[PDB]
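I have placed the structure first, in the form of structure tokens, so that the comments after it can refer back to it.
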Amino acid sequence: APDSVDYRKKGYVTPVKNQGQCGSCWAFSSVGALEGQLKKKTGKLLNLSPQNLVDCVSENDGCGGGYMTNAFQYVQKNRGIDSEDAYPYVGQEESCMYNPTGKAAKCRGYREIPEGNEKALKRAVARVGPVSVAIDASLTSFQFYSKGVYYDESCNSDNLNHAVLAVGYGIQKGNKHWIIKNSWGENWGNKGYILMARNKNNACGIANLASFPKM
Amino acid sequence: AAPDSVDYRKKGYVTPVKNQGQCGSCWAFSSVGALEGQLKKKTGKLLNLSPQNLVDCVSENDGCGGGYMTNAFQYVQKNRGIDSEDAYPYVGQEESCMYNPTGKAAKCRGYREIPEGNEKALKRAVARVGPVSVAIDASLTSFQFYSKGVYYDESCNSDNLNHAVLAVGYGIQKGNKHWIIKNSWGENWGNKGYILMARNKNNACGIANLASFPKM
Ligand SMILES: *CC(=O)CNC(=O)[C@H](CC(C)C)N[C@@H](c1ccc(-c2ccc(S(C)(=O)=O)cc2)cc1)C(F)(F)F
Ligand SMILES: *CC(=O)CNC(=O)[C@H](CC(C)C)N[C@@H](c1ccc(-c2ccc(S(C)(=O)=O)cc2)cc1)C(F)(F)F
Ligand SMILES: [Ca+2]
Ligand SMILES: [Ca+2]
Ligand SMILES: [Ca+2]
Ligand SMILES: [Ca+2]
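For the record, the sequence lines run as chains A and B.
Last residue of the first sequence: 948 in my numbering, with the numbers rising by one and none dropped.
Last residue of the second sequence: 202 in my numbering, with the numbers rising by one and none dropped.
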């Protein structure tokens, strides 16, 4: 495993999205991991549709929230997920409108990172690609993050409430970090990204509910 | 059109009422009951399946901390099997996964969901398939102290699903349509462990909001 990796440089990460008021971060996180695998398997980078997941993953609760594994299982059972161009984001739960003609990716299952294992999360980001992760995003400090390696001990690894995407990891000024892609728009944080402290005892519970799609 | 009333207990599709104890494992009892009914339907054999196997091994759920039935059906499918209660007994607390393939007694090819909120679709599913896993709002004190009769309470909350049970049938009693529900709180609870819950009373207690059954 390399000491640092960044999938944005390789072209495995789509532009930062804005979920709006909807509790759909889990759909943006799932799509980001699927997008990375799709690029890995076909050489194509394209936007996949979070709305498709919000409207059709009955295991989840639409804008009320959800888990990424349920999203990967749906794409697997459904035999596909639409591209964003074929099923645009609207920011509110609506009836399933999945369209097989707009199918842009498939999923053969999923793999979960063992709970709290930052070492395993790091190997996955390195050898598989971007990995869906859950963190505690409740603090005002995370919300007003702007630069540097974010860390707060008030972060509660037992209070997971937000889904994001680990697109890489590394070190900045001797400080280990995860490169995290958020879905709060290009203006939140650092152009929509946040560097989160790595190996500081699973800060913000970053390795507590991580998983990635199989393709 | 489906029959006016159905009771799979008369068909031998339902095992005795179990007691989950203090563990938040109602979802595992509801899942195993739905699997036990399809197993009886497809093979003619009725046997107890293991809730413990689900509690210890369904990583998508939280063990005794709670969970959902669809995650359990998805585990049995992905796992290629679920143990009998005899090969993996209920202990009422979270333990390490100790699934034994040699003790497998049922399998799952996935699951089907009932459309949300549709008590009509749920009635047709129960009649066509057998017992169906369902989730309800069991928080009311009237529910916890239920004894007999068709249960209905206007304050039951449809969006607050917090408990999993098993619909083994439906019918009518004293003019009130009902769902026949097997609970996992022991035989002393309710009516020998069962409760009749109001049917077609605008989805009372959210009975049709999260109903599913395993494919075999
Ligand atoms: C971020 C965001 O926009 C909302 N946060 C979440 O969705 C968060 C992500 C996890 C990865 C920490 N999850 C919340 C959540 C999970 C699950 C549900 C839910 C699913 C299914 C149903 S059901 C069975 O009735 O259809 C009901 C609820 C809701 C929210 C959580 F966990 F609360 F943080
Ligand atoms: C009945 C009983 O014994 C406890 N009630 C429940 O399990 C209830 C049944 C459903 C059908 C309403 N579900 C509760 C619940 C669901 C999900 C979790 C949970 C799942 C996964 C994780 S994770 C992300 O860490 O893997 C964490 C929690 C817990 C409880 C509910 F919804 F709260 F009523
Ligand atoms: Ca819903
Ligand atoms: Ca603080
Ligand atoms: Ca788990
Ligand atoms: Ca699931």
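A virtual CB, placed ideally from N, CA and C, is assigned to each residue, including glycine.
It is roughly 7 Å from the alpha-carbon of residue 771 (chain A) to the alpha-carbon of residue 948 (chain A).
In the three-state scheme derived from DSSP, where H, G and I count as helix and E and B as strand, residue 183 (chain B) is classed as strand. The bridge partners DSSP lists for residue 199 (chain B) are B:98. Every unbroken stretch of the beta strand (DSSP E) spanning 3 or more residues and falling wholly within the stretch 844 to 872 of chain A is given here in chain order: 864 to 868. At a C-beta separation below 8 Å, residue 119 (chain B) has no neighbours in chain A, since its nearest C-beta there lies roughly 13 Å away. Restricting attention to alpha helix (DSSP H) runs no shorter than 4 residues, the stretch 117 to 171 of chain B encloses them at 127 to 130, ordered along the chain. Less than 9 Å divides the Cβ of residue 901 (chain A) from the Cβ of residue 739 (chain A). Using a cutoff of 8 Å, the CB of residue 752 (chain A) counts as near ligand 1, since one of the ligand's heavy atoms is closer than that. In the DSSP assignment, residue 92 (chain B) falls within the unbroken beta strand (DSSP E) covering 90 to 92.
Excluding the 5 residues flanking it on each side, residue 756 (chain A) has same chain C-beta neighbours closer than 6 Å at 796, 797, 798, in chain order. Sequence-ordered contacts of the stretch 86 to 102 of chain B with chain A read 96, 99, 102 [C-beta pairs closer than 8 Å]. One finds nothing in chain A with a Cβ atom closer than 7 Å to the Cβ of residue 105 (chain B); even the nearest lies about 17 Å away.
Judged by their CB atoms, residue 197 (chain B) and residue 121 (chain B) are nearer to each other than the 9 Å cut-off. In this structure, residue 85 (chain B) and residue 142 (chain B) do not form a Cβ contact; the two beta carbons are roughly 37 Å apart against a cut-off of 8 Å. Taking 8 Å as the Cβ-Cβ cut-off, the stretch 761 to 776 of chain A has no residue approaching chain B.
Residues of chain A whose Cβ lies closer than 7 Å to the Cβ of residue 46 (chain B) are, in chain order, 802.
Contact annotation: in the stretch 57 to 73 of chain B, residues whose CB is within less than 9 Å of a CB in chain A are 57, 60, 64. Beta-bridge partners of residue 751 (chain A) (DSSP): A:917. Taking residue 749 (chain A) as the centre and dropping the five residues before and after it, the same chain places the C-beta of 914, 915, 916, 918, 919, 924, 925, 926 closer than 8 Å to its C-beta, in chain order. Under the three-state reduction of DSSP, residue 779 (chain A) is assigned to coil, being neither helix nor strand. Contact check between the stretch 779 to 789 of chain A and the stretch 818 to 831 of chain A: three or more CB pairs, one atom from each, fall below 8 Å, which counts as touching.
When distances are taken from the beta-carbon of residue 12 (chain B) to the heavy atoms of ligand 1, even the shortest one reaches 8 Å or more. DSSP places residue 65 (chain B) within a helical segment (H, G or I) once states are collapsed to three. Note: residue 70 (chain B) is bridge-paired with B:35 in the DSSP secondary-structure output.
Shortest Cα-Cα distance from residue 891 (chain A) to any of A:936, A:809, A:826, A:905 involves A:936.
For residue 55 (chain B), the shortest C-beta to heavy atom distance toward ligand 2 is below 8 Å. DSSP, read as helix, strand or coil, puts residue 764 (chain A) in helix. Rounded to whole angstroms, the gap between the alpha carbons of residue 29 (chain B) and residue 878 (chain A) is 59 Å. Nearest to residue 818 (chain A) by C-alpha distance, out of A:842, A:835, A:848, is A:835. Taking C-beta separations shorter than 6 Å and ignoring five residues to either side along the sequence, the partners of residue 753 (chain A) in its chain run 824, following chain order. Spatial neighbours of residue 83 (chain B) in its own chain (CB-CB distance under 6 Å, excluding positions within 5 residues in sequence) are listed in chain order as 42, 43. In the three-state DSSP reduction, residue 793 (chain A) falls in the coil class, being neither helix nor strand. Residue 746 (chain A) sits in coil when the DSSP states are folded into three classes, being neither helix nor strand.
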